[PDB]
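Below, each chain spelled out in residue letters.
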Amino acid sequence: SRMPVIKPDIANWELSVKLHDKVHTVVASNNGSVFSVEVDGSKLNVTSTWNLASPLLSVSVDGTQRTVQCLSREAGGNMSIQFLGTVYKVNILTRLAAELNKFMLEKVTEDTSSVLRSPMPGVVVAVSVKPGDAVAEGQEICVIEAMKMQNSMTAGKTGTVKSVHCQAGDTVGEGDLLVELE
Amino acid sequence: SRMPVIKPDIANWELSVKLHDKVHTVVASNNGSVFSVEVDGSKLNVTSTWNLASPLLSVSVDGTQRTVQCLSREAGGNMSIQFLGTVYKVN
Amino acid sequence: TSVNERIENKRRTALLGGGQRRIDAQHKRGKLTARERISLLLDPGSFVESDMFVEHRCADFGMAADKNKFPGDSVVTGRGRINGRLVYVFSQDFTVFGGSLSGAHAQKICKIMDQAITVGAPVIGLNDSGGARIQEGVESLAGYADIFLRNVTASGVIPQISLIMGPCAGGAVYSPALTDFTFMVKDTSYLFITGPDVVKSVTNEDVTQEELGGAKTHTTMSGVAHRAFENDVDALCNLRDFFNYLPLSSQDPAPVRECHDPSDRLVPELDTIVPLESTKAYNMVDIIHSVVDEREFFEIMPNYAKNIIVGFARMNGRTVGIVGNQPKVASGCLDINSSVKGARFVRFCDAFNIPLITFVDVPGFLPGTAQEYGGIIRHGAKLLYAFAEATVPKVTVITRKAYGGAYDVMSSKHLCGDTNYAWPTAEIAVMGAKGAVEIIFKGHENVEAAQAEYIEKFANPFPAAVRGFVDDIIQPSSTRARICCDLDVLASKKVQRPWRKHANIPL
Amino acid sequence: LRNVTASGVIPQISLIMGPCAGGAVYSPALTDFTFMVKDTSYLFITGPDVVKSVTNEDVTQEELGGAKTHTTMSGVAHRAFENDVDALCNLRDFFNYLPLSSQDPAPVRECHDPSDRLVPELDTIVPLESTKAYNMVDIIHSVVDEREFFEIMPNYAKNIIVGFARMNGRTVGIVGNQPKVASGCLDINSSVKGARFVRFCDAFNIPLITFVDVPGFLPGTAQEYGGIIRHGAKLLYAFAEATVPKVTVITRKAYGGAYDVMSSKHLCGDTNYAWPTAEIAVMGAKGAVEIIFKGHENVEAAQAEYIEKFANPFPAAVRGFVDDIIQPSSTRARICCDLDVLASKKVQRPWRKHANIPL
Amino acid sequence: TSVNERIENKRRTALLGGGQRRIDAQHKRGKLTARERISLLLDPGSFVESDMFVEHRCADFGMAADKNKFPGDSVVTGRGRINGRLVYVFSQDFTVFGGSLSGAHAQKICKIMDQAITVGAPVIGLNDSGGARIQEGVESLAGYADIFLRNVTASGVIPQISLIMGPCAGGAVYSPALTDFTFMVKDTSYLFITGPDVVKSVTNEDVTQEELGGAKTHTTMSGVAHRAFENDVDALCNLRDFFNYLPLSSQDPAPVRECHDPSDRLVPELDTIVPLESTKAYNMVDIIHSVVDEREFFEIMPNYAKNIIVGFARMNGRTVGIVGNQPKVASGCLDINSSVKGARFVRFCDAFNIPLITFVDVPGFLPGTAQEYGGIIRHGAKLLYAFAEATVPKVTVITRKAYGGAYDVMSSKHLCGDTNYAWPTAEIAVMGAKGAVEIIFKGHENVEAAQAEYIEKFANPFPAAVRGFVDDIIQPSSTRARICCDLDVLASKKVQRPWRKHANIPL
Ligand SMILES: *C(=O)CCCC[C@@H]1SC[C@@H]2NC(=O)N[C@@H]21
Ligand SMILES: *C(=O)CCCC[C@@H]1SC[C@@H]2NC(=O)N[C@@H]21
Ligand SMILES: *C(=O)CCCC[C@@H]1SC[C@@H]2NC(=O)N[C@@H]21
């Protein structure tokens, strides 16, 4: 009652939708329960109830019945949609964001998931592996117990062990290398 | 209680007192009920109760008993004093 | 030349800013300009620019030359809306005199701060500067003083959000210290008082720009920046979504927004998160994500003081603040760094009527000389005070451990809490059974029997609950529904407190 | 709960005269001042037995939580006294400074020290050579009534001085720089002590007197990694929020952002005086000329011209930054006059649920 | 040259001002300088000058030359005491650039106004200027705006007294219109918007300086100046004595000062002032002088709207305001001019907690087209409102006539008055007996008998007193003692009134 909110009068949504390696031009508008969407010149009508909390979203696209799942959503345009069983990664930007995003530096970072270091000082009480052992993602490798609390160190990469650098009985500090994966 | 008032620490009052056609130099100081006044080098002591509302002000000047009346007073220094029956205008 | 022609040329110059070649440098550098950033931040067509024709009045050192007369004087100021809600913004423009602060520069910023306070609208600043404009001398110092005065006056009246998207040096570095949240951009933003050139001249130590004041340092080690985002476009996209959580003024209730997530659903996933083994850690974040509306949680300082979690979320449409322990890191123990982050977050949420939900699992305090010499006593009192002072609804859930003085610090019911629930694994005690029995039963025979008797009676949630410390002991699957119910009835709760000129937090 | 509720309502003073462990250690953190007794008192959460069990470090009782540590290195205790009898004797005298409640004015007590006397000793304390340090305490002692000054944390953050004194009978709080230590520069530790002291004095209507001589901030990674930005904002806020009379005297240097942090007139100050040696600038003449005049010929002439015009107190005073430039010998009388007329000053501020200091 | 030598030379220049030759002109002209005037106004040794080293920052039109750098920039500002009581003053210095207003000029004045408001101290201005400093252009217009804003904000908070001791033109003429009292100096001061040169250029009329804006015009015909004094020395001597009447702030009670005049003495001189013959006028001033302490009365606007008397006096040491009719002039009838002066005086005294004493003797309103076309209805409502709004003690004495609507306008008991006394000659009626009988008894026989019956019953003070219009009918000799008693018991009286954003006087 103090600060009235005015709904933006948006007639059309002009989106730049990036799939695998192509950027598509999509224009959508809302007419209630149905979105009229033009995808690179093709007309589609997507009708639903659009209950955004349910894990299963049922939509009808030009009479075709589809069920999709939205698995993740980010403010940066990333959305993970499971469609026909396969998860597709789509990045949806507005026309303005897509035109300015071209000025961003394409920096390349390093994937440091094969190098497993101690996150916490203490004594190593178990190592589940030896060189050659298979390792799954989330697999417990080492168990360090300081301050009356068993802390499990897990792998971030699927692979095999190349070397076990710290053994059970050894005392390790923060940042020390425990196990090296392929 | 909000704005304390500080009494000016005036040790001496240096006045220029104009009578008929002469301007006299008078320096006065207060010691309670008595004013020690030097009038052009002459020492006088004026003692009174200095009740400023009464039409009759009784003063003692070096033992001499006088009665005076203040008939008018102005911010511009004008004061009309009746002294021995005659009104004198002093600025 | 007519008057209208002159005006049109003045508009085109203000839009260009410092010139196309300086814009080209900004884009080469992977940065957006100040005006492009506003277009992304605010609703399309909602932005109204103020004082676009203001110029500096300094005539010294050649500043009177026409070649130095840049309309706008290095800042873009104005008002707009984000999703229909009024907001005041400013963004510093680096292409004109390096983004340095002039007298008039500060002025323009101050004027929109005065309007925002008058109407009750938030202020978002996008900072990028090199420091004071030394050509004016002491006028830029007066500029800083006026901004600082507004930033302090606005505290507790409107929220103030600062995003740093470039270098920041000199007096400019203190405005983010006065606002409520500070965000940065990874590997693009810096925050330092003096540059590496001064550091090397004063002390015999080598350091580079990224090491002295980089975004990674301030989000991971100093605890100054609340979160760094990958780039300019992602930073503003997340900033819009963050904006949607906050009220426009402290006179407003926590925002309530349409929500499709049923408020009365059960969460069976909670019943088995907490292990029965006391030395097995678990991830508190799994509990937070499963309770909050649609599993959306905004985490603040993810890489600093990892043993305590603070952030924003929504339950049944209403914005709430969440604080909890992280047993995965340092057993969930409190230390200096965790107390600092907690007290600041709690204080903001209280000031702007945002309810608090606390998830307690804390075995005590981190021991050692590193904490004692650092003033752990002084800093721990910050979190205790921040909760005790609060007048907004407080709902606490105790998941497993709460030993010692940490029980009361983590928003116990005895600090004027509203509701406090325990899970079946909760244990509230002065200390664990092993320490307590060795101290209570000293020199007696058959201590092992005394140990069994003590554990059976006290190593559970009952000696606290039967005394009124806990309101109910609940199945974890019902936690969300229980909290939602409390939030929807405590929202209209008011309390009285004695008059005070101002609070006196231990600092 | 009571210690928090009482804050800003009544002053709370805690003296630790023995060991303190467990939850007890947090009540002094909620009260306004904490004092200790040398080599008799301790303040720790857990004992040395726990520390050695958790981490492989050796420590004794005096090292873990002794009075010397808390008054010199952690900044927790405001002052340690030699023994129990001396501690209580000084506590009684300290008590006499404070009001009984925040609803009361600063106490005023009979005073025999004339309020209008000159202090010739001040005129030559500050050297003309910019790299010669001096002791700020000589100025503080010569101004305050009967040369009595109660110093808080004498051994912690020595580059800033805070304490209590009386001028014309009225209790005042004093904050100032100490150029003798680290050139009088601000750092993390000095900002913490300053903000806490200022906040107490404001809450209980005790006027502030500030003696400014600050060349900037301590540079280096030790301060940047420690959050110097965050901590410096604490002192700026503590002054800006204040509603009690603030009188500032600038003795020599005030460079950069430190000018405003040390209670400048632009933070709603009442009076601000400069001594003839005061210099207010964004930076010193050497840095400013090298930046302003870059690549030009005859820079040495530009250096002389800049110093003659700006290396003094005039470019600030002519703008309204300074109310007067005063002879140091008159400082005490000038301050006494301001205190006796600002004491009834009230200001309005918008309503707030509570303050939000940067922490 | 050393730093100390430069400072000493800057002090000597500020003291000299515009130079000795310009001072010589001021003395030839019979005027004191701005600094000499302050020494006379304030207690010896109490004056502290602020910002003596401030100079203008305008560098255009040769203003950057050292020959134009006058420290003090044409104003003397600072604080002091009059009889130990704190006061803030400023005085405009005509010898530097003609006393014209610069940006910095206004600033210095604004700063002391801000202190005076903060501590609760009055401000006295001594004005003398030629107008804006056109060399700066629009900075002097901003200067005026800032002063005007302070003058409005201070209204009702601290009293503001202005004495004009020289010419005044341009925007400067509006500050005395915002302050509470304006005084002038005869044949030395002027107050006009434009000079005679503009008047003759616009309209074909001849006028000189003394006719267009002289002190005699503003004290006798326009009603702008409250009193003119003979010369500079007498003007400041009377100003000090005037100062002693007023409180320092509206938060203070009316000042009470040592008094030797017994509060319970009788005044036999009053019993025979009012004649029994209804067409014989008398001088109201004889009553005012005989009641007030030691027969001292400060009369405001002695030569304007002579049919109503307003001024200050003291009764039993306490400052009071006095308003009364003057039957000697226009039978004591109200007109436009008398209503304007009355409402303004009453409004000031109410705002600063100064009790009101009213002496009523008013037969009605001045008839004729001169008053009807002038808006007598609109202007008369000003005095009615000014009394009705008042919340300070009001004591009314009715000496002889109060006919018609004028009865209520002159602070009747029905406007929340405290006490109302009548003298034996008072008569309260809608109209006189002659008009009333001719209207009541129209067409009846033996009208002459009806005339005698009406006069005997109604031509006295009884039909009003028996109804509660009058509290007592008192012998005039007891008036002073009766008033003194009321003042000493109503001084602690407070009343409640509904909340209002601000008053809405008819204007
Ligand atoms: C082994 O004896 C070390 C015990 C540490 C257990 C934890 S660590 C922090 C808390 N403080 C404490 O005394 N116990 C808790
Ligand atoms: C030499 O170049 C070192 C200069 C340090 C001077 C002092 S130390 C702290 C202040 N910061 C700064 O840049 N200068 C001041
Ligand atoms: C003669 O009939 C003229 C009568 C005027 C008497 C006075 S003058 C103003 C008052 N108005 C009025 O009608 N009577 C009063």
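- Its PDB record attributes the structure to cryo-EM, giving the resolution as 3.02 Å.

**Focus on the overall build of chain C**
Then step 1. Secondary structure assignment for chain C yields 19 helices and 15 strands.
Then step 2. By its C-alpha atoms, chain C is 105 × 55 × 45 Å across when sized along the principal axes.
Then step 3. Burial analysis of chain C (507 residues in total) assigns 64% to the buried set.
Then step 4. A separation of at least 24 residues holds for 75% of the contacts in chain C among residues at least 6 apart in sequence.
Then step 5. Carbon and sulfur atoms form 52% of the exposed surface of chain C, whose accessible area is close to 18,900 Å².
Then step 6. Taken as two groups, the 54 positive and 57 negative side-chain charges of chain C have centres that lie 5 Å from each other.

**Quick look at the packing of aromatic side chains**
Then step 1. Applying the stated criterion across every chain yields a total of 61 aromatic pairs over all chains.
Then step 2. For the ring pair D:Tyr306 and D:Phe310, a centre distance of 4.6 Å and an interplane angle of 35° mean the geometry is tilted. Taken together, the residues D:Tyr306 and D:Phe310, both in helix α13 (residues 299–310) and four residues apart, mark about one turn of the helix.
Then step 3. When its relative accessible area of 12% is taken as the criterion, D:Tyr306 is described as buried.
Then step 4. Among the aromatic residues, those joined into a cluster by ring pairs are C:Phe181, C:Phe183, C:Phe229, C:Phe242, C:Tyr245, C:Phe298, C:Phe312, C:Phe345, C:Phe348 and C:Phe352.
Then step 5. For C:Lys31, the ring lying beneath its charged end belongs to C:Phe94, and the centroid distance is 5.2 Å.

**A look at a nonpolar patch on the surface**
Then step 1. Residues B:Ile10, B:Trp13 and B:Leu15 make up a contiguous nonpolar surface patch of roughly 280 Å² in combined accessible area.
Then step 2. The residue B:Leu15 is located in strand β1 (residues 13–18) in this model.

**Brief notes about the interface of chain D and chain C**
Then step 1. Listed by partner, the interface residues are 85 residues for chain D and 82 residues for chain C.
Then step 2. In total, chain D and chain C occlude about 7,800 Å² of area from one another, counting both sides; carbon and sulfur atoms represent 67% of this.
Then step 3. For the interface between chain D and chain C, the tally reads three salt bridges.
Then step 4. Between D:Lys353 and C:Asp350 there is a salt bridge, with the nearest N and O atoms lying 3.8 Å from each other.
Then step 5. Counting the contacts that link chain D with chain C gives 33 residue pairs in polar contact.
Then step 6. For the side of chain D that touches chain C, the element with the most residues is helix α10 (residues 228–240) of chain D, which contributes nine residues.
Then step 7. In terms of residue class, the side of chain D that touches chain C is made up of 49 nonpolar, 20 polar and 16 charged.

**What to know about the pattern of salt bridges**
Then step 1. Taken as a whole, this structure holds 79 salt bridges over all chains when the rule is applied.
Then step 2. Taking the shortest distance from any N to any O, the salt bridge between A:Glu38 and A:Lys43 comes out at 2.7 Å.
Then step 3. Judged by relative accessible area, which is 58%, A:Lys43 ranks as exposed.
Then step 4. Among the ionic pairs, C:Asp66 bridges to C:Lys69, the shortest N-O distance being 2.9 Å.
Then step 5. Overall, the relative accessible area of 61% leaves C:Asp66 in the exposed class.

**Considerations on helix α17 (residues 447–458) of chain E**
At 3.6 residues per turn, the α-helix brings residues three or four places apart onto the same side.
All names here are of chain E.
Then step 1. Taking 1.5 Å as the rise per residue, α17 with 12 residues should run 16 Å; its terminal C-alpha atoms sit 16 Å apart, in good agreement.
Then step 2. Listing the buried residues of α17 in full gives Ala450, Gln451 and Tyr454. All buried residues of α17 lie within an arc of 105° about the axis, which places them on one face of the element. In α17, the exposed residues that point more than 90 degrees away from the buried face are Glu448, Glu453 and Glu456.
Then step 3. Buried residues belonging to α17 abut α16 (433–440).

**Re the site of ligand 3**
Residues and elements named next belong to chain E.
Then step 1. Around ligand 3 sit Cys333, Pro363, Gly364, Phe365 and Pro367, and that is every residue in its neighbourhood.
Then step 2. Residue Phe365 places a main-chain N or O atom 3.4 Å away from a nitrogen atom belonging to ligand 3.
Then step 3. A total of 390 Å² of accessible area belongs to ligand 3 in isolation, and the protein chains cover 29% of it.
Then step 4. Residues belonging to the shell around ligand 3 are distributed by class as follows: four nonpolar, one polar and no charged.

**As for the arrangement of the chains**
Then step 1. For the seven pairs of chains in contact, the largest share of contacts goes to chains C and D.
Then step 2. A minimum C-alpha distance of 19 Å separates chain A and chain E, which share no contact.

**Quick notes on unusual backbone geometry**
Then step 1. Phi is positive for D:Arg147, close to 60°, though the residue is something other than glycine.
Then step 2. With respect to the element layout, D:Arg147 can be found in the loop between α7 (137–143) and β4 (150–152).
Then step 3. The class of D:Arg147 is partly exposed, set by a relative accessible area of 43%.
Then step 4. Even without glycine at this site, E:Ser74 takes up a positive phi of about 70°.

**Some points on the sheet that holds strand β1 (residues 13–15) of chain D**
Residue and element names in this part refer to chain D.
Then step 1. Read from one edge of the open sheet, three strands run β1-β2-β3, paired in parallel fashion. Pairing within the sheet leaves two strands with one partner each, and these edge strands are β1 and β3 (79–81). Neighbour to neighbour, the strand axes of the sheet diverge by 25° on average, direction disregarded.
Then step 2. Of the pairings in the sheet, the one linking β1 to strand β2 (residues 33–37) comprises three bridges and is parallel in character. From the neighbouring strand, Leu15 faces β2, where its bridge partner is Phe35.

**Some details on the environment of C:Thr179**
All names here are of chain C.
Then step 1. With respect to the element layout, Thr179 can be found in the loop between α6 (175–178) and β6 (181–185).
Then step 2. On the basis of relative accessibility, which here comes to 7%, the residue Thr179 falls in the buried class.
Then step 3. A C-alpha to C-alpha distance of 9.5 Å links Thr179 and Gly125, two positions 54 residues apart in sequence.
Then step 4. With residues up to four places along the chain from it excluded, the contact list for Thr179 reads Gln160, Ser162 and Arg344.

**Looking at the packing of helix α4 (residues 103–119) of chain C against helix α5 (residues 139–153) of chain C**
All names here are of chain C.
Then step 1. Running from amino to carboxyl end, α4 crosses α5 at an angle of 15°, the nearest separation of the two axes being 8 Å. Put simply, α4 runs roughly parallel to α5. Both α4 and α5 take part in a crossing whose hand is left-handed. Taken together, the residues of α5 that come into contact with α4 (itself represented by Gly103, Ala106, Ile109, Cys110, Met113, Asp114 and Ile117) are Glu139, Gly143, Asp146, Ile147, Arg150 and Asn151.

**Some points on the site of ligand 1**
Then step 1. Near ligand 1 the following residues occur: A:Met147, A:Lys148, C:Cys333, C:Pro363, C:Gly364, C:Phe365, C:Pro367, D:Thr46, D:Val50, D:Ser53 and D:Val54.
Then step 2. One chain alone does not account for the residues near ligand 1; they come from chains A, C and D.
Then step 3. Interatomic distance of 2.2 Å between a side-chain N/O atom of A:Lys148 and an oxygen atom of ligand 1.
Then step 4. At a separation of 3.4 Å, a nitrogen atom of ligand 1 approaches a polar backbone atom of C:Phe365.
Then step 5. Contact with the protein chains hides 73% of the accessible area of ligand 1, taken as 390 Å² for the molecule alone.
Then step 6. Looking at the shell around ligand 1, its residues break down into seven nonpolar, three polar and one charged.

**A short note on the sheet that holds strand β16 (residues 177–181) of chain A**
Then step 1. A sheet is described by the order of its strands in space; here four strands give the open sequence β9-β16-β14-β11 (chain A), paired in antiparallel fashion. The outermost strands of the open sheet, each flanked by one partner alone, are β9 (115–117) and β11 (134–135) of chain A.

**Quick notes on the packing of helix α12 (residues 336–351) of chain E against helix α14 (residues 376–388) of chain E**
Two quantities define a packed helix pair, namely the angle between the axes and the distance from one axis to the other.
Residue and element names in this part refer to chain E.
Then step 1. The contact between α12 and α14 brings their axes to 8 Å, and the two run at 25°. One way to sum up the angle between α12 and α14 is to call them roughly parallel. As for the relative orientation of α12 and α14, their crossing is left-handed in sense. Residues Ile336, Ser339, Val340, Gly342, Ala343, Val346 and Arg347 of α12 form the contact with α14, whose participating residues are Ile376, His379, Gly380, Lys382, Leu383, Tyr385, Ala386 and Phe387.
Then step 2. Grouping the constituent residues of the contact of α12 with α14 by class yields nine nonpolar, four polar and two charged.

**Things to note about the domain arrangement of chain A**
For interface size, the figure often reported is the accessible area lost on association.
Then step 1. Assigned domains within chain A: domain 1 (1–104) and domain 2 (105–182).
Then step 2. A straight line from the C-alpha centre of domain 1 of chain A to that of domain 2 of chain A covers 41 Å.

**Points about the state of the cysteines**
Then step 1. Here the structure, examined in full by the defined rule, presents zero disulfides over all chains.
Then step 2. Among the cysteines around D:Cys111, which has no disulfide bond, D:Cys336 carries the closest sulfur, lying 8.5 Å off.
Then step 3. When its relative accessible area of 22% is taken as the criterion, D:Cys111 is described as partly exposed.
Then step 4. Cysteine E:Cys416 shares no disulfide, and the gap to the nearest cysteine sulfur, in E:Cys349, comes to 18 Å.

Calculation notes
Residues numbered from 1 in each chain as written, not as in the entry; some residues may be left out. Chains lettered and ligands numbered in written order. Part of a larger assembly, values for the part shown. Heavy atoms only, no water. Helix = DSSP H or I, 4+ residues; strand = E, 2+ residues; numbered from the N terminus. Buried < 20%, exposed > 50% of the residue type's maximum accessible area, 1.4 Å probe, protein only. Contact = heavy atoms within 4.5 Å. Areas by Shrake-Rupley, 256 points an atom, 1.4 Å probe, with all protein chains shown as cover. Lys, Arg positive; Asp, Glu negative; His and termini not counted. Charge placed at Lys NZ, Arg CZ, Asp CG, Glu CD. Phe/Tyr/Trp six-rings, centres within 6.5 Å; stacked < 30°, edge-to-face > 60°. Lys NZ or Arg CZ within 6 Å of the ring centre and 35° of its normal. Patch = residues over 30% accessible without salt bridge, like charges linked within 9 Å, V, L, I, M, F, W, Y side chains within 5 Å. Salt bridge = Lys/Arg side-chain N within 4 Å of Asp/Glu carboxyl O. Buried area = accessible area lost by both parts, 1.4 Å probe. Polar contact = N/O pair within 3.5 Å; in protein donor to acceptor, adjacent residues only side chain to side chain. Nonpolar A, V, L, I, M, F, W, Y, C, P; charged D, E, K, R; others polar. Expected span 1.5 Å × (residues − 1). Arc of directions from axis to C-beta. Near = heavy atom within 4 Å. Pairing = 2+ DSSP bridges. Axes fitted to C-alpha atoms, helices over the stretch in contact; angles between N-to-C directions. Parallel < 35°, antiparallel > 145°, perpendicular 65-115°, else oblique. Left-handed = near helix turned anticlockwise from the far one by under 90°. Domains from an automatic or database assignment. Disulfide = S-S within 2.5 Å.

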